[PDB]
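Asker: This one is start_21.cif, mmCIF, C-alpha atoms and all ligand atoms; chains and numbers go by the auth columns.
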```cif
data_query
#
loop_
_atom_site.group_PDB
_atom_site.id
_atom_site.type_symbol
_atom_site.label_atom_id
_atom_site.label_comp_id
_atom_site.label_asym_id
_atom_site.label_seq_id
_atom_site.Cartn_x
_atom_site.Cartn_y
_atom_site.Cartn_z
_atom_site.B_iso_or_equiv
_atom_site.auth_seq_id
_atom_site.auth_asym_id
ATOM 1 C CA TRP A 1 -50.199 -76.112 -45.968 0.00 1 C
ATOM 2 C CA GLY A 2 -50.911 -78.871 -43.469 0.00 2 C
ATOM 3 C CA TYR A 3 -49.237 -81.254 -41.008 0.00 3 C
ATOM 4 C CA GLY A 4 -47.577 -83.866 -43.256 0.00 4 C
ATOM 5 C CA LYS A 5 -43.930 -84.511 -44.216 0.00 5 C
ATOM 6 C CA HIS A 6 -44.283 -82.375 -47.378 0.00 6 C
ATOM 7 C CA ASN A 7 -46.495 -79.475 -46.145 0.00 7 C
ATOM 8 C CA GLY A 8 -46.064 -79.442 -42.326 0.00 8 C
ATOM 9 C CA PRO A 9 -44.761 -76.799 -39.921 0.00 9 C
ATOM 10 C CA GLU A 10 -41.101 -76.928 -41.124 0.00 10 C
ATOM 11 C CA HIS A 11 -42.392 -75.808 -44.614 0.00 11 C
ATOM 12 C CA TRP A 12 -44.784 -72.980 -43.536 0.00 12 C
ATOM 13 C CA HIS A 13 -42.118 -70.183 -43.654 0.00 13 C
ATOM 14 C CA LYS A 14 -41.936 -70.505 -47.483 0.00 14 C
ATOM 15 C CA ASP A 15 -45.527 -69.102 -47.819 0.00 15 C
ATOM 16 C CA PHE A 16 -45.828 -67.360 -44.369 0.00 16 C
ATOM 17 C CA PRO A 17 -42.399 -65.830 -43.618 0.00 17 C
ATOM 18 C CA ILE A 18 -43.739 -64.586 -40.217 0.00 18 C
ATOM 19 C CA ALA A 19 -43.322 -68.314 -39.250 0.00 19 C
ATOM 20 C CA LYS A 20 -39.719 -67.236 -38.258 0.00 20 C
ATOM 21 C CA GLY A 21 -40.870 -63.999 -36.485 0.00 21 C
ATOM 22 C CA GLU A 22 -40.133 -62.567 -33.037 0.00 22 C
ATOM 23 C CA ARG A 23 -43.363 -63.721 -31.289 0.00 23 C
ATOM 24 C CA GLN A 24 -44.380 -67.134 -32.669 0.00 24 C
ATOM 25 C CA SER A 25 -46.579 -69.703 -30.886 0.00 25 C
ATOM 26 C CA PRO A 26 -46.699 -72.167 -29.354 0.00 26 C
ATOM 27 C CA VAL A 27 -43.796 -72.220 -26.836 0.00 27 C
ATOM 28 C CA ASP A 28 -42.470 -74.431 -24.086 0.00 28 C
ATOM 29 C CA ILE A 29 -43.554 -73.035 -20.671 0.00 29 C
ATOM 30 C CA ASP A 30 -40.533 -73.517 -18.367 0.00 30 C
ATOM 31 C CA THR A 31 -42.348 -73.442 -14.994 0.00 31 C
ATOM 32 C CA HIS A 32 -39.176 -72.504 -13.053 0.00 32 C
ATOM 33 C CA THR A 33 -38.397 -69.460 -15.438 0.00 33 C
ATOM 34 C CA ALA A 34 -42.007 -68.063 -15.640 0.00 34 C
ATOM 35 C CA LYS A 35 -42.298 -64.803 -13.615 0.00 35 C
ATOM 36 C CA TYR A 36 -45.051 -64.573 -10.965 0.00 36 C
ATOM 37 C CA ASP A 37 -46.747 -61.157 -11.573 0.00 37 C
ATOM 38 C CA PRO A 38 -48.923 -60.154 -8.579 0.00 38 C
ATOM 39 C CA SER A 39 -50.368 -57.202 -10.637 0.00 39 C
ATOM 40 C CA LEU A 40 -51.964 -59.748 -13.051 0.00 40 C
ATOM 41 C CA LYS A 41 -55.760 -59.788 -12.515 0.00 41 C
ATOM 42 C CA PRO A 42 -57.952 -62.857 -12.250 0.00 42 C
ATOM 43 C CA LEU A 43 -59.469 -63.978 -15.544 0.00 43 C
ATOM 44 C CA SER A 44 -63.145 -62.998 -16.096 0.00 44 C
ATOM 45 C CA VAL A 45 -64.847 -65.702 -18.256 0.00 45 C
ATOM 46 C CA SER A 46 -68.474 -64.634 -18.989 0.00 46 C
ATOM 47 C CA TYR A 47 -69.979 -67.405 -21.220 0.00 47 C
ATOM 48 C CA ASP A 48 -73.563 -67.344 -19.743 0.00 48 C
ATOM 49 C CA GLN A 49 -75.162 -66.019 -23.032 0.00 49 C
ATOM 50 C CA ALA A 50 -72.899 -67.997 -25.497 0.00 50 C
ATOM 51 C CA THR A 51 -74.647 -68.737 -28.844 0.00 51 C
ATOM 52 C CA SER A 52 -72.909 -71.587 -30.664 0.00 52 C
ATOM 53 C CA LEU A 53 -73.849 -71.892 -34.373 0.00 53 C
ATOM 54 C CA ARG A 54 -72.229 -74.855 -36.102 0.00 54 C
ATOM 55 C CA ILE A 55 -69.381 -77.361 -36.132 0.00 55 C
ATOM 56 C CA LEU A 56 -67.116 -77.576 -39.211 0.00 56 C
ATOM 57 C CA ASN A 57 -64.387 -79.993 -40.350 0.00 57 C
ATOM 58 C CA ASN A 58 -61.965 -77.432 -41.861 0.00 58 C
ATOM 59 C CA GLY A 59 -59.504 -80.030 -43.230 0.00 59 C
ATOM 60 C CA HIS A 60 -56.953 -79.406 -40.409 0.00 60 C
ATOM 61 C CA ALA A 61 -59.153 -79.530 -37.251 0.00 61 C
ATOM 62 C CA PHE A 62 -62.828 -78.912 -36.422 0.00 62 C
ATOM 63 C CA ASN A 63 -64.202 -75.543 -35.360 0.00 63 C
ATOM 64 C CA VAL A 64 -67.273 -74.662 -33.299 0.00 64 C
ATOM 65 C CA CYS A 65 -68.235 -71.108 -34.428 0.00 65 C
ATOM 66 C CA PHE A 66 -70.195 -68.651 -32.168 0.00 66 C
ATOM 67 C CA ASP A 67 -72.346 -65.562 -32.777 0.00 67 C
ATOM 68 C CA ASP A 68 -69.853 -62.728 -32.013 0.00 68 C
ATOM 69 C CA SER A 69 -72.181 -59.882 -33.196 0.00 69 C
ATOM 70 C CA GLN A 70 -72.992 -58.906 -29.524 0.00 70 C
ATOM 71 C CA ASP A 71 -71.280 -59.287 -26.080 0.00 71 C
ATOM 72 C CA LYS A 72 -72.665 -62.811 -25.417 0.00 72 C
ATOM 73 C CA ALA A 73 -69.547 -64.799 -24.441 0.00 73 C
ATOM 74 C CA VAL A 74 -66.573 -62.620 -23.447 0.00 74 C
ATOM 75 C CA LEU A 75 -63.159 -62.844 -21.839 0.00 75 C
ATOM 76 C CA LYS A 76 -61.909 -59.882 -19.722 0.00 76 C
ATOM 77 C CA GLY A 77 -59.361 -59.189 -16.986 0.00 77 C
ATOM 78 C CA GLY A 78 -56.214 -61.274 -16.603 0.00 78 C
ATOM 79 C CA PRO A 79 -53.561 -59.496 -18.717 0.00 79 C
ATOM 80 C CA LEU A 80 -56.229 -57.947 -21.008 0.00 80 C
ATOM 81 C CA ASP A 81 -57.431 -54.355 -21.457 0.00 81 C
ATOM 82 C CA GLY A 82 -61.014 -54.310 -22.729 0.00 82 C
ATOM 83 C CA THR A 83 -63.481 -56.934 -23.861 0.00 83 C
ATOM 84 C CA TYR A 84 -62.711 -59.913 -26.066 0.00 84 C
ATOM 85 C CA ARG A 85 -65.562 -61.816 -27.756 0.00 85 C
ATOM 86 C CA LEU A 86 -65.563 -65.616 -28.254 0.00 86 C
ATOM 87 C CA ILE A 87 -65.598 -66.413 -32.012 0.00 87 C
ATOM 88 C CA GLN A 88 -64.740 -70.164 -32.048 0.00 88 C
ATOM 89 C CA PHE A 89 -63.074 -73.049 -30.310 0.00 89 C
ATOM 90 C CA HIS A 90 -61.132 -75.956 -31.728 0.00 90 C
ATOM 91 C CA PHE A 91 -58.603 -78.554 -30.604 0.00 91 C
ATOM 92 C CA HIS A 92 -55.176 -79.899 -31.579 0.00 92 C
ATOM 93 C CA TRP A 93 -54.473 -83.565 -30.792 0.00 93 C
ATOM 94 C CA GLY A 94 -52.102 -86.466 -31.223 0.00 94 C
ATOM 95 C CA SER A 95 -51.973 -89.978 -32.673 0.00 95 C
ATOM 96 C CA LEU A 96 -50.834 -91.201 -29.183 0.00 96 C
ATOM 97 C CA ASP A 97 -51.764 -90.013 -25.663 0.00 97 C
ATOM 98 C CA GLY A 98 -48.171 -88.669 -25.054 0.00 98 C
ATOM 99 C CA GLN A 99 -48.420 -85.988 -27.803 0.00 99 C
ATOM 100 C CA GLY A 100 -50.959 -83.601 -29.334 0.00 100 C
ATOM 101 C CA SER A 101 -50.659 -80.323 -27.370 0.00 101 C
ATOM 102 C CA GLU A 102 -49.017 -77.282 -28.974 0.00 102 C
ATOM 103 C CA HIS A 103 -47.804 -75.644 -25.758 0.00 103 C
ATOM 104 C CA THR A 104 -45.605 -77.853 -23.548 0.00 104 C
ATOM 105 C CA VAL A 105 -44.924 -77.575 -19.806 0.00 105 C
ATOM 106 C CA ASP A 106 -41.229 -78.278 -18.923 0.00 106 C
ATOM 107 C CA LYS A 107 -41.153 -80.058 -22.350 0.00 107 C
ATOM 108 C CA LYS A 108 -44.113 -82.353 -21.297 0.00 108 C
ATOM 109 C CA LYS A 109 -46.734 -82.780 -24.072 0.00 109 C
ATOM 110 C CA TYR A 110 -50.430 -83.338 -23.330 0.00 110 C
ATOM 111 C CA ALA A 111 -52.794 -85.517 -25.415 0.00 111 C
ATOM 112 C CA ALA A 112 -54.540 -82.458 -26.817 0.00 112 C
ATOM 113 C CA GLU A 113 -55.061 -78.722 -26.411 0.00 113 C
ATOM 114 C CA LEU A 114 -58.312 -76.701 -26.551 0.00 114 C
ATOM 115 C CA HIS A 115 -58.175 -73.123 -27.983 0.00 115 C
ATOM 116 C CA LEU A 116 -61.028 -70.731 -27.160 0.00 116 C
ATOM 117 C CA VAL A 117 -60.417 -67.861 -29.577 0.00 117 C
ATOM 118 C CA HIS A 118 -61.528 -64.293 -28.710 0.00 118 C
ATOM 119 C CA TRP A 119 -61.079 -60.900 -30.428 0.00 119 C
ATOM 120 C CA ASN A 120 -60.784 -57.361 -29.009 0.00 120 C
ATOM 121 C CA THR A 121 -64.107 -55.526 -29.601 0.00 121 C
ATOM 122 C CA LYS A 122 -62.317 -52.149 -30.069 0.00 122 C
ATOM 123 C CA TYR A 123 -61.313 -53.375 -33.597 0.00 123 C
ATOM 124 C CA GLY A 124 -64.940 -53.936 -34.839 0.00 124 C
ATOM 125 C CA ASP A 125 -64.496 -57.424 -36.404 0.00 125 C
ATOM 126 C CA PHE A 126 -62.164 -60.423 -36.264 0.00 126 C
ATOM 127 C CA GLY A 127 -60.566 -59.518 -39.626 0.00 127 C
ATOM 128 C CA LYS A 128 -59.434 -56.106 -38.271 0.00 128 C
ATOM 129 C CA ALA A 129 -58.397 -57.652 -34.927 0.00 129 C
ATOM 130 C CA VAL A 130 -55.957 -60.226 -36.410 0.00 130 C
ATOM 131 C CA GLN A 131 -53.968 -57.288 -37.946 0.00 131 C
ATOM 132 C CA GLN A 132 -53.292 -55.789 -34.443 0.00 132 C
ATOM 133 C CA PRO A 133 -50.678 -56.849 -31.814 0.00 133 C
ATOM 134 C CA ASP A 134 -53.425 -56.935 -29.130 0.00 134 C
ATOM 135 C CA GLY A 135 -56.246 -58.142 -31.407 0.00 135 C
ATOM 136 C CA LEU A 136 -56.844 -61.708 -30.115 0.00 136 C
ATOM 137 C CA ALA A 137 -56.862 -63.528 -26.763 0.00 137 C
ATOM 138 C CA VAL A 138 -56.690 -67.320 -26.974 0.00 138 C
ATOM 139 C CA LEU A 139 -57.429 -69.335 -23.835 0.00 139 C
ATOM 140 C CA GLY A 140 -55.435 -72.604 -24.091 0.00 140 C
ATOM 141 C CA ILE A 141 -56.484 -75.626 -21.991 0.00 141 C
ATOM 142 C CA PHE A 142 -54.485 -78.872 -21.846 0.00 142 C
ATOM 143 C CA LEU A 143 -56.278 -82.236 -22.186 0.00 143 C
ATOM 144 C CA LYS A 144 -54.925 -85.340 -20.409 0.00 144 C
ATOM 145 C CA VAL A 145 -56.437 -88.822 -20.779 0.00 145 C
ATOM 146 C CA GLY A 146 -58.266 -90.070 -17.687 0.00 146 C
ATOM 147 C CA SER A 147 -61.927 -89.727 -16.705 0.00 147 C
ATOM 148 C CA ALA A 148 -64.486 -88.518 -19.290 0.00 148 C
ATOM 149 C CA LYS A 149 -65.261 -84.794 -19.617 0.00 149 C
ATOM 150 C CA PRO A 150 -69.072 -84.655 -19.616 0.00 150 C
ATOM 151 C CA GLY A 151 -69.129 -81.157 -21.132 0.00 151 C
ATOM 152 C CA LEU A 152 -67.178 -82.483 -24.188 0.00 152 C
ATOM 153 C CA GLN A 153 -69.562 -85.360 -24.961 0.00 153 C
ATOM 154 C CA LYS A 154 -71.992 -83.376 -27.196 0.00 154 C
ATOM 155 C CA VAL A 155 -68.938 -82.443 -29.366 0.00 155 C
ATOM 156 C CA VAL A 156 -67.818 -86.112 -29.547 0.00 156 C
ATOM 157 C CA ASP A 157 -71.470 -87.187 -30.354 0.00 157 C
ATOM 158 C CA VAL A 158 -71.648 -84.936 -33.538 0.00 158 C
ATOM 159 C CA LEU A 159 -68.191 -85.803 -35.013 0.00 159 C
ATOM 160 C CA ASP A 160 -69.791 -88.639 -37.109 0.00 160 C
ATOM 161 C CA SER A 161 -71.663 -85.834 -39.003 0.00 161 C
ATOM 162 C CA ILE A 162 -68.406 -83.978 -39.975 0.00 162 C
ATOM 163 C CA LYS A 163 -66.040 -86.868 -40.680 0.00 163 C
ATOM 164 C CA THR A 164 -64.502 -85.319 -43.860 0.00 164 C
ATOM 165 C CA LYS A 165 -63.185 -81.895 -44.967 0.00 165 C
ATOM 166 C CA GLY A 166 -65.862 -79.236 -45.582 0.00 166 C
ATOM 167 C CA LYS A 167 -68.688 -81.025 -43.727 0.00 167 C
ATOM 168 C CA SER A 168 -70.635 -78.798 -41.319 0.00 168 C
ATOM 169 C CA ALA A 169 -73.510 -79.484 -38.927 0.00 169 C
ATOM 170 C CA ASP A 170 -75.848 -77.330 -36.815 0.00 170 C
ATOM 171 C CA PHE A 171 -74.404 -77.089 -33.294 0.00 171 C
ATOM 172 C CA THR A 172 -76.640 -74.687 -31.362 0.00 172 C
ATOM 173 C CA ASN A 173 -77.082 -74.334 -27.564 0.00 173 C
ATOM 174 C CA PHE A 174 -73.616 -75.699 -26.714 0.00 174 C
ATOM 175 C CA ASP A 175 -72.257 -74.340 -23.410 0.00 175 C
ATOM 176 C CA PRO A 176 -68.445 -73.950 -23.521 0.00 176 C
ATOM 177 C CA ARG A 177 -68.358 -73.515 -19.679 0.00 177 C
ATOM 178 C CA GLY A 178 -68.475 -77.365 -19.656 0.00 178 C
ATOM 179 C CA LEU A 179 -64.925 -77.457 -21.085 0.00 179 C
ATOM 180 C CA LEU A 180 -63.218 -75.427 -18.301 0.00 180 C
ATOM 181 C CA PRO A 181 -61.141 -76.809 -15.435 0.00 181 C
ATOM 182 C CA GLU A 182 -61.828 -75.782 -11.798 0.00 182 C
ATOM 183 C CA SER A 183 -58.952 -73.229 -11.492 0.00 183 C
ATOM 184 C CA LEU A 184 -58.417 -70.294 -13.856 0.00 184 C
ATOM 185 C CA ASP A 185 -54.770 -69.832 -12.725 0.00 185 C
ATOM 186 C CA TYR A 186 -52.772 -69.183 -15.938 0.00 186 C
ATOM 187 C CA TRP A 187 -49.540 -68.346 -17.719 0.00 187 C
ATOM 188 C CA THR A 188 -49.556 -65.509 -20.276 0.00 188 C
ATOM 189 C CA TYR A 189 -47.214 -64.334 -23.071 0.00 189 C
ATOM 190 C CA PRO A 190 -47.465 -62.428 -26.382 0.00 190 C
ATOM 191 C CA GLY A 191 -47.530 -64.732 -29.418 0.00 191 C
ATOM 192 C CA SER A 192 -49.219 -65.704 -32.667 0.00 192 C
ATOM 193 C CA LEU A 193 -51.846 -67.873 -34.396 0.00 193 C
ATOM 194 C CA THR A 194 -50.367 -71.407 -34.393 0.00 194 C
ATOM 195 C CA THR A 195 -51.558 -72.074 -38.001 0.00 195 C
ATOM 196 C CA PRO A 196 -51.111 -70.007 -41.132 0.00 196 C
ATOM 197 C CA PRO A 197 -51.400 -67.089 -41.456 0.00 197 C
ATOM 198 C CA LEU A 198 -49.337 -67.196 -38.143 0.00 198 C
ATOM 199 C CA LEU A 199 -50.181 -63.522 -37.446 0.00 199 C
ATOM 200 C CA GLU A 200 -48.571 -62.036 -34.292 0.00 200 C
ATOM 201 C CA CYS A 201 -51.849 -60.799 -32.816 0.00 201 C
ATOM 202 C CA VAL A 202 -52.480 -63.157 -29.846 0.00 202 C
ATOM 203 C CA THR A 203 -52.273 -62.652 -26.093 0.00 203 C
ATOM 204 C CA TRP A 204 -51.921 -66.314 -25.036 0.00 204 C
ATOM 205 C CA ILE A 205 -53.572 -67.319 -21.741 0.00 205 C
ATOM 206 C CA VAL A 206 -52.681 -70.938 -20.937 0.00 206 C
ATOM 207 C CA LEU A 207 -54.451 -72.508 -17.960 0.00 207 C
ATOM 208 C CA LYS A 208 -52.330 -74.255 -15.320 0.00 208 C
ATOM 209 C CA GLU A 209 -54.963 -76.985 -14.674 0.00 209 C
ATOM 210 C CA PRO A 210 -55.606 -79.516 -17.511 0.00 210 C
ATOM 211 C CA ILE A 211 -59.009 -81.096 -18.120 0.00 211 C
ATOM 212 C CA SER A 212 -59.226 -84.883 -18.377 0.00 212 C
ATOM 213 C CA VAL A 213 -61.053 -86.635 -21.228 0.00 213 C
ATOM 214 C CA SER A 214 -61.655 -90.353 -21.646 0.00 214 C
ATOM 215 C CA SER A 215 -59.796 -92.721 -24.004 0.00 215 C
ATOM 216 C CA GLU A 216 -63.096 -93.091 -25.911 0.00 216 C
ATOM 217 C CA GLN A 217 -63.451 -89.295 -26.303 0.00 217 C
ATOM 218 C CA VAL A 218 -59.921 -88.774 -27.738 0.00 218 C
ATOM 219 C CA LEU A 219 -60.254 -91.908 -29.941 0.00 219 C
ATOM 220 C CA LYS A 220 -63.337 -90.281 -31.590 0.00 220 C
ATOM 221 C CA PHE A 221 -61.165 -87.190 -32.456 0.00 221 C
ATOM 222 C CA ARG A 222 -58.628 -89.546 -34.184 0.00 222 C
ATOM 223 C CA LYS A 223 -61.390 -91.059 -36.422 0.00 223 C
ATOM 224 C CA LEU A 224 -61.893 -87.683 -38.185 0.00 224 C
ATOM 225 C CA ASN A 225 -60.413 -87.294 -41.664 0.00 225 C
ATOM 226 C CA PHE A 226 -58.163 -84.584 -43.153 0.00 226 C
ATOM 227 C CA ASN A 227 -59.406 -85.532 -46.647 0.00 227 C
ATOM 228 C CA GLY A 228 -62.661 -84.654 -48.384 0.00 228 C
ATOM 229 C CA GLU A 229 -65.286 -87.352 -49.097 0.00 229 C
ATOM 230 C CA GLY A 230 -64.083 -89.584 -52.009 0.00 230 C
ATOM 231 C CA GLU A 231 -60.383 -88.580 -51.605 0.00 231 C
ATOM 232 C CA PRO A 232 -57.821 -91.030 -50.125 0.00 232 C
ATOM 233 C CA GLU A 233 -58.632 -91.447 -46.383 0.00 233 C
ATOM 234 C CA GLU A 234 -56.069 -89.805 -44.065 0.00 234 C
ATOM 235 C CA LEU A 235 -56.803 -89.766 -40.316 0.00 235 C
ATOM 236 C CA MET A 236 -56.928 -86.329 -38.675 0.00 236 C
ATOM 237 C CA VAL A 237 -54.168 -86.760 -36.039 0.00 237 C
ATOM 238 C CA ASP A 238 -51.027 -84.788 -35.041 0.00 238 C
ATOM 239 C CA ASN A 239 -52.491 -81.409 -36.139 0.00 239 C
ATOM 240 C CA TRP A 240 -50.137 -79.525 -33.754 0.00 240 C
ATOM 241 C CA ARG A 241 -47.304 -77.092 -34.324 0.00 241 C
ATOM 242 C CA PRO A 242 -44.217 -77.796 -32.183 0.00 242 C
ATOM 243 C CA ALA A 243 -42.804 -75.318 -29.665 0.00 243 C
ATOM 244 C CA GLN A 244 -41.116 -72.232 -31.223 0.00 244 C
ATOM 245 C CA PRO A 245 -38.211 -70.194 -29.845 0.00 245 C
ATOM 246 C CA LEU A 246 -39.173 -67.832 -26.979 0.00 246 C
ATOM 247 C CA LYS A 247 -36.752 -65.109 -28.238 0.00 247 C
ATOM 248 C CA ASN A 248 -37.204 -61.765 -26.420 0.00 248 C
ATOM 249 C CA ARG A 249 -40.273 -62.837 -24.387 0.00 249 C
ATOM 250 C CA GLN A 250 -41.046 -63.422 -20.688 0.00 250 C
ATOM 251 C CA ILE A 251 -43.854 -65.805 -19.692 0.00 251 C
ATOM 252 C CA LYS A 252 -45.773 -64.430 -16.712 0.00 252 C
ATOM 253 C CA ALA A 253 -47.721 -66.497 -14.145 0.00 253 C
ATOM 254 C CA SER A 254 -50.874 -65.527 -12.211 0.00 254 C
ATOM 255 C CA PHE A 255 -49.748 -67.879 -9.387 0.00 255 C
HETATM 256 ZN ZN ZN B . -55.395 -73.665 -32.165 0.00 1 L
#
```
Please, can you express the file's structure as structure tokens?

Answerer:
Amino acid sequence: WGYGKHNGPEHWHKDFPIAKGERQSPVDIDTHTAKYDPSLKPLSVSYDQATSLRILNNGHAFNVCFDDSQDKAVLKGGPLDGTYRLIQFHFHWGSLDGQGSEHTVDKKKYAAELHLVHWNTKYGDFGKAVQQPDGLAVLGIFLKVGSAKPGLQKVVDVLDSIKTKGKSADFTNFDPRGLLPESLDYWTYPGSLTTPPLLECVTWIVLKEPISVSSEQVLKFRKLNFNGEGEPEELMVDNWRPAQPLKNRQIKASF
């Protein structure tokens, strides 16, 4: 599977039939239809002891993986019951500034989307958690192009070390608090992983406020390669799944 004409999102259902399920992600967020829920709690983002390990080019995007063997970087509150541990973040992005996000807002696409992936500690490990309807919480943050994001620059700086598929580099002491916008106002809905295996395990928490990154920062994302070293060069762009049908779901708003 991938993002091309012959293996992209329209093909995924042939290997991952859940691709046509009842709670697939991403979705369009229709701002006028989202339901304000005053009983929704503020988000609690506790990233003060985060332990980043490494950065990997996985062939589809790049991951930054964290030590999730203790409560070091956790998401609580909002729509969540219990404690979700940060395992990784990654991005989805476009070939052009007018596309690249997975979620849309009134059908508007952003240049990119950051996913901070967390799992519910009551299930013991990430592999157990992805098999549960409340196993994961993914915090989604839109990227627009404008001013640089200083907290992203260390990520941009190391991408030359992981240009091709399967390359990894040490990436310790990275502070993911540098990727957050000012407001933690959010939308929330039940959905899925947006790549195979497309499991329906995710509570999506999508922040209202985008972050802005510079032209130079997003251009460095687009110089990554899908291919392995010595295979035909294919730029790593447009690694996003389009909006899926909302079906029997209500998007709730904290605001
Ligand atoms: Zn993602």

Asker: Written as a ChimeraX atom specification, what is the full residue list that the PyMOL selection byres (((chain C and resi 251) around 12) and not hetatm) yields on the file shown?

Answerer: /C:23,26-37,79,105,186-191,203-206,246-250,252-254

Asker: Please identify every residue of chain C that has at least one atom no farther than 10 Å from an atom of ligand ZN 1 (chain L), counting only C-alpha atoms and all ligand atoms, and for each give the shortest atom pair and the distance in Å to one decimal, arranged by chain then increasing number, as a Markdown table.

Answerer:
```
| residue | atom | partner | partner_atom | distance |
| --- | --- | --- | --- | --- |
| C:25 | CA | L:ZN1 | ZN | 9.7 |
| C:26 | CA | L:ZN1 | ZN | 9.3 |
| C:61 | CA | L:ZN1 | ZN | 8.6 |
| C:63 | CA | L:ZN1 | ZN | 9.6 |
| C:88 | CA | L:ZN1 | ZN | 10.0 |
| C:89 | CA | L:ZN1 | ZN | 7.9 |
| C:90 | CA | L:ZN1 | ZN | 6.2 |
| C:91 | CA | L:ZN1 | ZN | 6.1 |
| C:92 | CA | L:ZN1 | ZN | 6.3 |
| C:101 | CA | L:ZN1 | ZN | 9.5 |
| C:102 | CA | L:ZN1 | ZN | 8.0 |
| C:113 | CA | L:ZN1 | ZN | 7.7 |
| C:114 | CA | L:ZN1 | ZN | 7.0 |
| C:115 | CA | L:ZN1 | ZN | 5.1 |
| C:116 | CA | L:ZN1 | ZN | 8.1 |
| C:117 | CA | L:ZN1 | ZN | 8.1 |
| C:138 | CA | L:ZN1 | ZN | 8.3 |
| C:139 | CA | L:ZN1 | ZN | 9.6 |
| C:140 | CA | L:ZN1 | ZN | 8.1 |
| C:193 | CA | L:ZN1 | ZN | 7.1 |
| C:194 | CA | L:ZN1 | ZN | 5.9 |
| C:195 | CA | L:ZN1 | ZN | 7.2 |
| C:239 | CA | L:ZN1 | ZN | 9.2 |
| C:240 | CA | L:ZN1 | ZN | 8.0 |
| C:241 | CA | L:ZN1 | ZN | 9.0 |
```

Asker: Do a neighbour search on residue 24 in chain C at 7 Å with only C-alpha atoms, toss out local chain neighbours closer than 6 positions, and write the hits as a list in words.

Answerer: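 What passes the distance filter is residues 191, 192, 200 and 244 of chain C.
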
Asker: Any chance you can output those residues with C-alpha atoms as a tab-separated table (two decimals), in the frame of the given file?

Answerer:
```tsv
chain	number	residue	atom	x	y	z
C	191	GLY	CA	-47.53	-64.73	-29.42
C	192	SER	CA	-49.22	-65.70	-32.67
C	200	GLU	CA	-48.57	-62.04	-34.29
C	244	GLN	CA	-41.12	-72.23	-31.22
```

Asker: C:85, C:60, C:41, C:177: which is nearest residue 165 in chain C, counting all atoms listed in the file?

Answerer: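 Closest to residue 165 in chain C of all the choices is C:60.
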
Asker: Pick the closest to residue 218 in chain C from C:135, C:242, C:100, C:176: which is it, counting only C-alpha atoms?

Answerer: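 For residue 218 in chain C, the nearest of the candidates is C:100.
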
Asker: For this structure, which residues satisfy the selection - the PyMOL selection byres (((chain C and resi 183) around 8) and not hetatm) - when it is evaluated on the file as given? I want them as a list in words.

Answerer: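 Answer for the PyMOL selection byres (((chain C and resi 183) around 8) and not hetatm): residues 181, 182, 184, 185, 207, 208 and 209 of chain C.
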
Asker: On this structure, which residues satisfy the PyMOL selection byres (((chain C and resi 110) around 10) and not hetatm), written as a VMD selection string?

Answerer: chain C and resid 93 to 94 96 to 105 107 to 109 111 to 113 141 to 145 210

Asker: One decimal, in Å: what's the spacing between CA of residue 201 in chain C and CA of residue 119 in chain C?

Answerer: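 About the pair CA of residue 201 in chain C and CA of residue 119 in chain C: they are 9.5 Å apart.
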
Asker: Mind listing as a count of residues only all residues within 7 Å of (-49.1, -81.1, -39.9), counting all atoms listed in the file?

Answerer: 9

Asker: Suppose you want the space between CA of residue 212 in chain C and CA of residue 178 in chain C; what is it in Å?

Answerer: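 A separation of 12.0 Å between them.
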
Asker: Using the partial input, fill out range 72-79 of chain C with N, CA, C and O atoms; write the result as an mmCIF file, keeping the file's coordinate frame.

Answerer:
```
data_model
loop_
_atom_site.group_PDB
_atom_site.id
_atom_site.type_symbol
_atom_site.label_atom_id
_atom_site.label_comp_id
_atom_site.auth_asym_id
_atom_site.auth_seq_id
_atom_site.Cartn_x
_atom_site.Cartn_y
_atom_site.Cartn_z
ATOM 1 N N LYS C 72 -71.910 -61.641 -25.932
ATOM 2 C CA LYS C 72 -72.665 -62.811 -25.417
ATOM 3 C C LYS C 72 -71.762 -63.763 -24.649
ATOM 4 O O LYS C 72 -72.236 -64.476 -23.758
ATOM 5 N N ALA C 73 -70.527 -63.894 -25.086
ATOM 6 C CA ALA C 73 -69.547 -64.799 -24.441
ATOM 7 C C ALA C 73 -68.223 -64.050 -24.544
ATOM 8 O O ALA C 73 -67.729 -63.853 -25.689
ATOM 9 N N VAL C 74 -67.729 -63.542 -23.423
ATOM 10 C CA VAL C 74 -66.573 -62.620 -23.447
ATOM 11 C C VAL C 74 -65.546 -63.026 -22.399
ATOM 12 O O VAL C 74 -65.860 -63.684 -21.383
ATOM 13 N N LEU C 75 -64.316 -62.681 -22.736
ATOM 14 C CA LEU C 75 -63.159 -62.844 -21.839
ATOM 15 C C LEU C 75 -62.690 -61.429 -21.525
ATOM 16 O O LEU C 75 -62.527 -60.620 -22.466
ATOM 17 N N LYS C 76 -62.453 -61.150 -20.235
ATOM 18 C CA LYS C 76 -61.909 -59.882 -19.722
ATOM 19 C C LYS C 76 -60.928 -60.166 -18.585
ATOM 20 O O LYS C 76 -60.729 -61.325 -18.186
ATOM 21 N N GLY C 77 -60.311 -59.106 -18.088
ATOM 22 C CA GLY C 77 -59.361 -59.189 -16.986
ATOM 23 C C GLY C 77 -58.155 -60.017 -17.360
ATOM 24 O O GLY C 77 -57.715 -59.961 -18.505
ATOM 25 N N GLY C 78 -57.569 -60.741 -16.407
ATOM 26 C CA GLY C 78 -56.214 -61.274 -16.603
ATOM 27 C C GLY C 78 -55.255 -60.196 -17.096
ATOM 28 O O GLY C 78 -55.201 -59.074 -16.562
ATOM 29 N N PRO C 79 -54.483 -60.469 -18.165
ATOM 30 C CA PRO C 79 -53.561 -59.496 -18.717
ATOM 31 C C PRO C 79 -54.217 -58.506 -19.690
ATOM 32 O O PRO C 79 -53.526 -57.678 -20.258
#
```
